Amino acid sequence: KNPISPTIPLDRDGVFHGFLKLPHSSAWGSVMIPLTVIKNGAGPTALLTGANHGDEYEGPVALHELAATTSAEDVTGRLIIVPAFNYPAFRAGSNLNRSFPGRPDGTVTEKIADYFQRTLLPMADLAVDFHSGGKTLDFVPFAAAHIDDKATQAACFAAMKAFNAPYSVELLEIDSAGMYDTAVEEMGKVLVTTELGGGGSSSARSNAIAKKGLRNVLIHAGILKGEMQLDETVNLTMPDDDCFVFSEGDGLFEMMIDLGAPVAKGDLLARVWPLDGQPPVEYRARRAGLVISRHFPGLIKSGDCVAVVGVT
C-alpha cells in the first residue's frame, strides 16, 4: 500500500547507491532519500541512519565514508545506510521524527515512517542511530543503550560496549511517542544511539570515534570483517531529573566547568551575565558526577539546558 519504492534493490549482492522515492504527485515532483545498500553472502542486517536534524555531522560523515569505502567482499550480511534522515531536505547541513508508526495513506512524513516501520525496521537485526547536540548543545562523545522491560537489553548493552566510545551511557527512558528511536526500542530490536559532539561541527577526534564505533559494532554484529579496537570508557547513568539544570533567564553565557570534568553537588556550573549592571545568575550542580552536556552558544535563553551531569 505504501508508494515508496527504492531505485535500487535491497535484496541483491553488491554495492548499490540509490534513493527511496515516492512521487507525491503533471506529477510536480518527488522526494528522494539517498541510501546505500551493501549485501554479500549470508548474515544479519544493519540499519544505519545518520541524523534526524541538519546540524549534526559526525553521523553523516561516518556514514558517507562507510558507504563509499566498503566493498561487498568486506560484508557478510547486509548494510542499509541512510546518511541523512532529516525531512524534508535529507542532506547534511540543510515532522518525520514524531510520525511513527505512520500510515501508507497519510502525510509524506507518515508514508516515510510507515516504510521504515513496516518494511525496513522488521528486516533489521541491528540499528545504529547517530545523534549529535546540534547548534544548542555540546556533548562528550558517547554511545547509549536502552535496557527495558524486555530481554534484548543484554544485546543492546553489548552493542554499545562494542561501540566503545569514550563514554557509555545507560538510558532506560523509553523515548517519547512518535520517534524513530522509540519504534526500534518498542519493536524489541538491538539499538545503539550516539551523541558524538554538537555545536554544529565535527572534529577529527569525534569523526574517528564515529568510524571506530561504527566498525566495532558491525564487526561485533558479524557483518564486517576485522579486529575490534577497544579503549577505555566511562560508564554513566542519568537516573534523575536532578541531572539537568535549566536556565531561568537570558544573558551572556559563561560556563565554569570542563565538559567531562568531575563536579560535586553544589559546585558552580555556569554564570549568565545580564545584558541590561546587576551581578550574574549562578547555576549549580544538583548531583555529583561528570558534566556530559553543556549549552554551546554564547547567549542563553530561558528554558535552555545549562548543563547535564552523568552519575558515577
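Throughout, we count residues from 1 along the sequence that is shown.
With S302 and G303 adjacent in the shown sequence, let me know how many deposited residues between them lack coordinates: none, 1 to 3, 4 to 9, or 10 or more. In the deposited sequence, nothing is left without coordinates between these two.
What number of deposited residues lacks coordinates in the span between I147 and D148: none, 1 to 3, 4 to 9, or 10 or more? Missing in between: 1 to 3 residues.
Would 211-219 or 101-109 have the larger average of its C-alpha temperature factors, as given in the entry? Taking the mean B-factor of the alpha carbons in each, 101-109 is higher.
Averaging C-alpha B-factors over each stretch, which comes out higher, 26-34 or 253-261? The recorded data point to 26-34.
From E173, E195, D125, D181, which pick has the Cα B-factor that tops the rest in the entry? Largest recorded C-alpha B-factor: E173.
Just grab whichever of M238, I80, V75, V140 has the top CA B-factor as deposited. Out of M238, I80, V75, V140, the record gives the largest C-alpha B-factor to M238.
Ranked C-alpha temperature factor of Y87 among modelled chain residues, by third: Highest third.
For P280, the third of its chain into which the C-alpha B factor falls: According to the entry, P280 has a C-alpha B-factor in the chain's middle third.
Cα B factor band for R205 (lowest, middle or highest third within the chain): For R205, whose C-alpha B-factor we compare with every modelled residue in the chain, the answer is the middle third.
Looking at the temperature factor on the CA atom of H131, which third of the chain's modelled residues does it land in? Bottom third by C-alpha B-factor.
Among the modelled residues of this chain, does the Cα B factor of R287 put it in the lowest, middle or highest third? Highest third - that is where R287 ends up once the chain's C-alpha B-factors are sorted.
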